[PDB]
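Engineer: Next up is a structure, given as structure tokens.
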There are 8 protein chains.
Amino acid sequence: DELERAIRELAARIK
Amino acid sequence: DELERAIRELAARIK
Amino acid sequence: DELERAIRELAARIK
Amino acid sequence: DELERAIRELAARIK
Amino acid sequence: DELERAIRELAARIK
Amino acid sequence: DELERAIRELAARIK
Amino acid sequence: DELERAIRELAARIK
Amino acid sequence: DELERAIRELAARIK
Ligand SMILES: [Cl-]
Ligand SMILES: [Mg+2]
């Protein structure tokens with residue numbers, strides 16, 4: 001899923 | 001993952 | 001982890 | 001307000 | 001208000 | 001203003 | 001202005 | 001589309 005991967009990227013950047 | 005889950009819940013909320 | 005906690009808390013309140 | 005805070009903590013991480 | 005100001009700050013940093 | 005407006009509209013969807 | 005446009009286009013789609 | 005993109009463009013701006 002493209003939304004799930006986008007969210008994974010944002011969470012990685014925040015952390 | 002907990003942060004990913006929270007972002008997903010906020011995203012679902014917006015959409 | 002300030003942003004992360006802020007996001008977690010907002011999601012927790014929303015649901 | 002969890003919302004206002006998520007918005008400020010986001011603003012703080014924006015380069 | 002508090003929210004309107006948080007939003008003002010966020011928009012400022014984005015731009 | 002338009003970015004503040006959009007952010008305001010999104011904040012209202014989370015609320 | 002990439003984040004700014006992505007946010008305004010999202011708000012126009014889901015206001 | 002719009003949501004996935006906003007999330008990615010946000011991620012790119014997170015320091
Ligand atoms: Cl990816
Ligand atoms: Mg673009």
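Chain lettering (A, B, ...) mirrors the order of the structure tokens, residue numbering begins at 1 for each chain separately, and ligand numbering begins at 1 in order of display.
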Would you give me, as a ChimeraX atom specification, the residues of chain A that come within 6 Å of chain H, using only C-alpha atoms?
Structural biologist: /A:3,6,10
